[PDB]
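Novice: First, the structure itself, so that you have it in front of you.
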Amino acid sequence: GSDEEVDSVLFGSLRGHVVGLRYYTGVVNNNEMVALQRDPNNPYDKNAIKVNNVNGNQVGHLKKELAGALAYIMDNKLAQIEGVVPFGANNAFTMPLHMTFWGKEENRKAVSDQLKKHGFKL
């Protein structure tokens, strides 16, 4: 129930290098929050996360490579991953946006494993 979010802890943040060319599909401005949603079978791969915003408008494709890590966290429910564009500089060229992992303390090594796999922060 509501006891679950008490148990859900902040493991850390991630540097979500979302592709800038995806600005055309409707990226959002500075200080806007974005959600992460992977596809059953995307043209990139089944691991490919489409980044959407608070309104649920698909702002763009994250990266197949970065999503390969986070798709195991997403599907196997290791942690709920938020996203935020603080400067919205994906419209300018590209940028890593503020992502964060909120999940139970028993999954900490499984969440961080996916990050370690590509050489991200743990």
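Numbering starts fresh at 1 for the residues of each chain in the structure tokens, the chains themselves are lettered A, B, ... in the order given, and ligands are numbered from 1 as they appear.
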To test your reading of the structure, identify every residue in chain A that backbone DSSP assigns to helix (DSSP H, G or I), and report it as a JSON list (two decimals) with N, CA, C and O atoms, in the first residue's frame.
Specialist:
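The new file out.json reads:
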[["chain", "number", "residue", "atom", "x", "y", "z"],
["A", 3, "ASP", "N", 2.68, 2.15, 2.52],
["A", 3, "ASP", "CA", 3.90, 1.73, 3.23],
["A", 3, "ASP", "C", 5.07, 1.47, 2.25],
["A", 3, "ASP", "O", 6.25, 1.52, 2.65],
["A", 4, "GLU", "N", 4.73, 1.20, 0.98],
["A", 4, "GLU", "CA", 5.71, 0.88, -0.07],
["A", 4, "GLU", "C", 6.61, 2.08, -0.39],
["A", 4, "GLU", "O", 7.81, 1.90, -0.57],
["A", 5, "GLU", "N", 6.03, 3.30, -0.46],
["A", 5, "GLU", "CA", 6.81, 4.52, -0.78],
["A", 5, "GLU", "C", 7.67, 4.97, 0.43],
["A", 5, "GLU", "O", 8.69, 5.64, 0.24],
["A", 6, "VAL", "N", 7.26, 4.56, 1.65],
["A", 6, "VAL", "CA", 8.09, 4.70, 2.87],
["A", 6, "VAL", "C", 9.37, 3.85, 2.70],
["A", 6, "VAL", "O", 10.48, 4.29, 3.01],
["A", 7, "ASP", "N", 9.17, 2.64, 2.16],
["A", 7, "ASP", "CA", 10.24, 1.65, 1.90],
["A", 7, "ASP", "C", 11.07, 2.04, 0.65],
["A", 7, "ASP", "O", 12.25, 1.68, 0.55],
["A", 21, "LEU", "N", 17.82, 15.68, -31.35],
["A", 21, "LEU", "CA", 17.11, 15.69, -32.64],
["A", 21, "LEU", "C", 15.61, 15.33, -32.46],
["A", 21, "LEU", "O", 14.77, 15.64, -33.30],
["A", 22, "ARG", "N", 15.30, 14.70, -31.32],
["A", 22, "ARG", "CA", 13.93, 14.29, -30.96],
["A", 22, "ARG", "C", 13.06, 15.48, -30.47],
["A", 22, "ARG", "O", 11.90, 15.28, -30.11],
["A", 23, "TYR", "N", 13.65, 16.71, -30.46],
["A", 23, "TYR", "CA", 12.95, 17.98, -30.10],
["A", 23, "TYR", "C", 11.63, 18.16, -30.89],
["A", 23, "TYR", "O", 10.65, 18.70, -30.36],
["A", 24, "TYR", "N", 11.65, 17.68, -32.15],
["A", 24, "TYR", "CA", 10.53, 17.80, -33.10],
["A", 24, "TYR", "C", 9.27, 17.05, -32.60],
["A", 24, "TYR", "O", 8.15, 17.51, -32.83],
["A", 25, "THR", "N", 9.46, 15.90, -31.90],
["A", 25, "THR", "CA", 8.31, 15.10, -31.39],
["A", 25, "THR", "C", 7.71, 15.70, -30.10],
["A", 25, "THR", "O", 6.77, 15.13, -29.53],
["A", 64, "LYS", "N", 18.81, 3.94, -27.09],
["A", 64, "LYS", "CA", 18.64, 2.48, -26.95],
["A", 64, "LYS", "C", 19.65, 1.96, -25.91],
["A", 64, "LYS", "O", 19.32, 1.12, -25.07],
["A", 65, "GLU", "N", 20.88, 2.49, -26.01],
["A", 65, "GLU", "CA", 22.03, 2.08, -25.18],
["A", 65, "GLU", "C", 21.79, 2.35, -23.67],
["A", 65, "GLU", "O", 21.93, 1.44, -22.84],
["A", 66, "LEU", "N", 21.39, 3.59, -23.34],
["A", 66, "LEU", "CA", 21.10, 4.01, -21.94],
["A", 66, "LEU", "C", 19.86, 3.25, -21.41],
["A", 66, "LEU", "O", 19.83, 2.81, -20.25],
["A", 67, "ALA", "N", 18.85, 3.11, -22.29],
["A", 67, "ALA", "CA", 17.59, 2.43, -21.97],
["A", 67, "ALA", "C", 17.79, 0.94, -21.68],
["A", 67, "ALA", "O", 17.03, 0.38, -20.92],
["A", 68, "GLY", "N", 18.82, 0.33, -22.30],
["A", 68, "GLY", "CA", 19.17, -1.08, -22.06],
["A", 68, "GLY", "C", 19.46, -1.39, -20.59],
["A", 68, "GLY", "O", 19.19, -2.49, -20.10],
["A", 69, "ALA", "N", 20.01, -0.38, -19.89],
["A", 69, "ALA", "CA", 20.26, -0.44, -18.44],
["A", 69, "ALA", "C", 18.94, -0.29, -17.66],
["A", 69, "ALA", "O", 18.56, -1.16, -16.87],
["A", 70, "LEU", "N", 18.23, 0.82, -17.94],
["A", 70, "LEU", "CA", 17.05, 1.24, -17.16],
["A", 70, "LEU", "C", 15.80, 0.38, -17.42],
["A", 70, "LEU", "O", 14.87, 0.41, -16.62],
["A", 71, "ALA", "N", 15.79, -0.37, -18.53],
["A", 71, "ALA", "CA", 14.66, -1.23, -18.93],
["A", 71, "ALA", "C", 14.55, -2.44, -18.01],
["A", 71, "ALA", "O", 13.46, -2.96, -17.79],
["A", 72, "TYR", "N", 15.70, -2.88, -17.47],
["A", 72, "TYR", "CA", 15.75, -3.98, -16.50],
["A", 72, "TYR", "C", 15.24, -3.48, -15.13],
["A", 72, "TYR", "O", 14.57, -4.21, -14.41],
["A", 73, "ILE", "N", 15.53, -2.21, -14.81],
["A", 73, "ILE", "CA", 15.03, -1.54, -13.58],
["A", 73, "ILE", "C", 13.51, -1.27, -13.69],
["A", 73, "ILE", "O", 12.77, -1.35, -12.69],
["A", 74, "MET", "N", 13.06, -0.98, -14.92],
["A", 74, "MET", "CA", 11.67, -0.62, -15.24],
["A", 74, "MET", "C", 10.76, -1.86, -15.19],
["A", 74, "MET", "O", 9.77, -1.90, -14.44],
["A", 75, "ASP", "N", 11.14, -2.87, -15.98],
["A", 75, "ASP", "CA", 10.35, -4.10, -16.21],
["A", 75, "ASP", "C", 10.37, -5.01, -14.97],
["A", 75, "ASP", "O", 9.32, -5.51, -14.55],
["A", 105, "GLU", "N", 15.05, -0.77, -0.41],
["A", 105, "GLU", "CA", 16.47, -0.94, -0.04],
["A", 105, "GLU", "C", 17.05, -2.32, -0.40],
["A", 105, "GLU", "O", 18.27, -2.47, -0.44],
["A", 106, "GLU", "N", 16.20, -3.34, -0.61],
["A", 106, "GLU", "CA", 16.66, -4.70, -0.98],
["A", 106, "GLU", "C", 17.10, -4.78, -2.46],
["A", 106, "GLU", "O", 17.89, -5.65, -2.82],
["A", 107, "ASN", "N", 16.61, -3.85, -3.31],
["A", 107, "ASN", "CA", 16.87, -3.87, -4.77],
["A", 107, "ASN", "C", 18.10, -3.02, -5.15],
["A", 107, "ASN", "O", 18.45, -2.98, -6.33],
["A", 108, "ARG", "N", 18.76, -2.38, -4.16],
["A", 108, "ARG", "CA", 19.83, -1.38, -4.38],
["A", 108, "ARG", "C", 20.96, -1.89, -5.31],
["A", 108, "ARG", "O", 21.47, -1.14, -6.15],
["A", 109, "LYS", "N", 21.32, -3.18, -5.16],
["A", 109, "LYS", "CA", 22.46, -3.79, -5.89],
["A", 109, "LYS", "C", 22.04, -4.15, -7.33],
["A", 109, "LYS", "O", 22.88, -4.16, -8.24],
["A", 110, "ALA", "N", 20.74, -4.43, -7.52],
["A", 110, "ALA", "CA", 20.17, -4.77, -8.83],
["A", 110, "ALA", "C", 20.02, -3.51, -9.70],
["A", 110, "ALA", "O", 20.28, -3.55, -10.91],
["A", 111, "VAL", "N", 19.60, -2.41, -9.06],
["A", 111, "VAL", "CA", 19.45, -1.09, -9.70],
["A", 111, "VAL", "C", 20.81, -0.56, -10.16],
["A", 111, "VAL", "O", 21.00, -0.20, -11.33],
["A", 112, "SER", "N", 21.77, -0.56, -9.21],
["A", 112, "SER", "CA", 23.13, -0.06, -9.45],
["A", 112, "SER", "C", 23.89, -0.93, -10.47],
["A", 112, "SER", "O", 24.71, -0.40, -11.20],
["A", 113, "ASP", "N", 23.57, -2.25, -10.54],
["A", 113, "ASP", "CA", 24.20, -3.21, -11.49],
["A", 113, "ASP", "C", 24.07, -2.74, -12.95],
["A", 113, "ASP", "O", 25.01, -2.82, -13.74],
["A", 114, "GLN", "N", 22.87, -2.24, -13.26],
["A", 114, "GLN", "CA", 22.50, -1.80, -14.62],
["A", 114, "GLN", "C", 23.31, -0.56, -15.02],
["A", 114, "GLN", "O", 23.69, -0.39, -16.19],
["A", 115, "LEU", "N", 23.57, 0.28, -14.02],
["A", 115, "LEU", "CA", 24.35, 1.51, -14.16],
["A", 115, "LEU", "C", 25.84, 1.17, -14.34],
["A", 115, "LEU", "O", 26.49, 1.68, -15.26],
["A", 116, "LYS", "N", 26.34, 0.25, -13.50],
["A", 116, "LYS", "CA", 27.74, -0.25, -13.51],
["A", 116, "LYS", "C", 28.08, -0.93, -14.85],
["A", 116, "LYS", "O", 29.23, -0.90, -15.31],
["A", 117, "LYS", "N", 27.05, -1.54, -15.45],
["A", 117, "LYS", "CA", 27.13, -2.28, -16.72],
["A", 117, "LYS", "C", 27.65, -1.38, -17.86],
["A", 117, "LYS", "O", 28.49, -1.79, -18.67],
["A", 118, "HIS", "N", 27.13, -0.13, -17.89],
["A", 118, "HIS", "CA", 27.50, 0.87, -18.91],
["A", 118, "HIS", "C", 28.59, 1.83, -18.38],
["A", 118, "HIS", "O", 29.21, 2.56, -19.16]]
Novice: From chain A, collect each residue whose DSSP state is strand (DSSP E) and return the set as a ChimeraX atom specification.
Specialist: /A:8-18,32-38,49-53,58-61,80-85,95-104
Novice: Store the residues picked out above, limited to N, CA and C atoms, as a tab-separated table (two decimals), in the first residue's frame.
Specialist:
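Writing done, so here's part-v9.tsv:
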chain	number	residue	atom	x	y	z
A	8	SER	N	10.45	2.81	-0.27
A	8	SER	CA	11.13	3.29	-1.49
A	8	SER	C	12.09	4.45	-1.14
A	9	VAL	N	13.38	4.23	-1.38
A	9	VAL	CA	14.46	5.16	-1.04
A	9	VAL	C	15.18	5.67	-2.30
A	10	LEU	N	15.80	6.84	-2.16
A	10	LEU	CA	16.59	7.49	-3.21
A	10	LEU	C	17.98	6.82	-3.25
A	11	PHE	N	18.21	5.97	-4.27
A	11	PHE	CA	19.51	5.31	-4.48
A	11	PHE	C	20.54	6.30	-5.03
A	12	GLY	N	20.06	7.26	-5.83
A	12	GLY	CA	20.92	8.19	-6.54
A	12	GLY	C	20.24	8.76	-7.75
A	13	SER	N	20.97	9.61	-8.49
A	13	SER	CA	20.48	10.24	-9.71
A	13	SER	C	21.23	9.68	-10.93
A	14	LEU	N	20.64	9.85	-12.12
A	14	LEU	CA	21.27	9.43	-13.38
A	14	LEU	C	21.30	10.60	-14.37
A	15	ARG	N	22.27	10.53	-15.28
A	15	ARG	CA	22.53	11.53	-16.31
A	15	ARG	C	21.90	11.02	-17.63
A	16	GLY	N	20.60	11.34	-17.78
A	16	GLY	CA	19.79	10.88	-18.91
A	16	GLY	C	20.09	11.64	-20.19
A	17	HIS	N	21.11	11.16	-20.94
A	17	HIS	CA	21.52	11.75	-22.23
A	17	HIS	C	20.45	11.45	-23.30
A	18	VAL	N	19.37	12.25	-23.30
A	18	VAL	CA	18.29	12.12	-24.30
A	18	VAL	C	18.72	12.81	-25.59
A	32	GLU	N	10.88	21.50	-16.23
A	32	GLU	CA	9.78	20.57	-16.53
A	32	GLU	C	10.20	19.13	-16.17
A	33	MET	N	9.24	18.34	-15.67
A	33	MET	CA	9.47	16.94	-15.31
A	33	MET	C	9.03	16.03	-16.46
A	34	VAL	N	9.80	14.97	-16.68
A	34	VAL	CA	9.57	13.98	-17.73
A	34	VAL	C	9.52	12.55	-17.13
A	35	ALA	N	8.68	11.69	-17.71
A	35	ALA	CA	8.49	10.30	-17.27
A	35	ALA	C	9.17	9.33	-18.26
A	36	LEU	N	9.55	8.14	-17.76
A	36	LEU	CA	10.25	7.11	-18.55
A	36	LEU	C	9.31	5.91	-18.78
A	37	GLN	N	9.12	5.53	-20.05
A	37	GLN	CA	8.20	4.44	-20.45
A	37	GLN	C	8.85	3.62	-21.58
A	38	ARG	N	9.19	2.35	-21.31
A	38	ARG	CA	9.81	1.46	-22.32
A	38	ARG	C	8.71	0.74	-23.13
A	49	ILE	N	13.41	3.02	-24.16
A	49	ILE	CA	12.52	3.87	-23.38
A	49	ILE	C	12.20	5.15	-24.16
A	50	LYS	N	10.91	5.36	-24.44
A	50	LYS	CA	10.41	6.65	-24.87
A	50	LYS	C	10.21	7.54	-23.63
A	51	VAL	N	10.87	8.69	-23.65
A	51	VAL	CA	10.68	9.71	-22.64
A	51	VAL	C	9.44	10.54	-23.02
A	52	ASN	N	8.51	10.65	-22.07
A	52	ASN	CA	7.32	11.49	-22.18
A	52	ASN	C	7.42	12.58	-21.10
A	53	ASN	N	6.50	13.55	-21.08
A	53	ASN	CA	6.49	14.62	-20.05
A	53	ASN	C	5.38	14.35	-19.01
A	58	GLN	N	4.90	12.11	-25.61
A	58	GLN	CA	6.21	11.49	-25.88
A	58	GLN	C	7.16	12.55	-26.47
A	59	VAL	N	8.03	13.10	-25.60
A	59	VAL	CA	8.92	14.21	-25.95
A	59	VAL	C	10.05	13.75	-26.89
A	60	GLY	N	10.41	12.45	-26.80
A	60	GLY	CA	11.49	11.90	-27.60
A	60	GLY	C	11.94	10.53	-27.14
A	61	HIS	N	12.87	9.95	-27.90
A	61	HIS	CA	13.51	8.67	-27.58
A	61	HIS	C	14.78	8.94	-26.77
A	80	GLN	N	11.43	2.88	-9.30
A	80	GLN	CA	10.69	3.87	-10.11
A	80	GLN	C	11.63	5.03	-10.46
A	81	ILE	N	11.89	5.21	-11.77
A	81	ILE	CA	12.84	6.21	-12.27
A	81	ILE	C	12.07	7.46	-12.73
A	82	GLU	N	12.26	8.59	-12.02
A	82	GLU	CA	11.75	9.91	-12.45
A	82	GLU	C	12.74	10.54	-13.45
A	83	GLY	N	12.29	11.61	-14.13
A	83	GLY	CA	13.16	12.45	-14.95
A	83	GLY	C	12.74	13.91	-14.84
A	84	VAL	N	13.70	14.84	-15.03
A	84	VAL	CA	13.46	16.30	-15.01
A	84	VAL	C	14.47	16.96	-15.97
A	85	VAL	N	13.98	17.80	-16.90
A	85	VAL	CA	14.83	18.71	-17.71
A	85	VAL	C	14.93	20.09	-17.00
A	95	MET	N	21.56	17.35	-23.81
A	95	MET	CA	22.02	17.42	-22.41
A	95	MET	C	21.60	16.14	-21.65
A	96	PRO	N	22.38	15.75	-20.59
A	96	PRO	CA	21.89	14.82	-19.57
A	96	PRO	C	20.88	15.52	-18.64
A	97	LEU	N	19.68	14.93	-18.49
A	97	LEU	CA	18.63	15.46	-17.60
A	97	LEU	C	18.65	14.71	-16.26
A	98	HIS	N	18.13	15.36	-15.19
A	98	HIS	CA	18.10	14.78	-13.84
A	98	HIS	C	17.09	13.61	-13.79
A	99	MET	N	17.61	12.38	-13.72
A	99	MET	CA	16.81	11.17	-13.40
A	99	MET	C	17.11	10.77	-11.97
A	100	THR	N	16.23	9.97	-11.33
A	100	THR	CA	16.43	9.53	-9.93
A	100	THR	C	15.70	8.21	-9.69
A	101	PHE	N	16.32	7.34	-8.87
A	101	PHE	CA	15.85	5.98	-8.60
A	101	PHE	C	15.21	5.92	-7.21
A	102	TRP	N	13.91	5.59	-7.16
A	102	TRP	CA	13.13	5.46	-5.92
A	102	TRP	C	12.56	4.04	-5.85
A	103	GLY	N	13.22	3.20	-5.05
A	103	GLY	CA	12.82	1.80	-4.87
A	103	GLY	C	13.30	1.26	-3.55
A	104	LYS	N	12.80	0.10	-3.15
A	104	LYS	CA	13.09	-0.49	-1.84
A	104	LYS	C	14.57	-0.88	-1.67
Novice: For CA of residue 89 in chain A and CA of residue 120 in chain A, quote the distance in Å rounded to one decimal.
Specialist: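 Taking CA of residue 89 in chain A and CA of residue 120 in chain A, their separation equals 20.6 Å.
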Novice: Quote the spacing between CA of residue 77 in chain A and CA of residue 42 in chain A in Å to one decimal place.
Specialist: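 So the answer is 19.5 Å.
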Novice: Rank A:39, A:19, A:27, A:45 by their smallest atom-to-atom distance to residue 57 in chain A, using only C-alpha atoms, and report the top residue only.
Specialist: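 Looking only at the distances to residue 57 in chain A, the closest residue turns out to be A:27.
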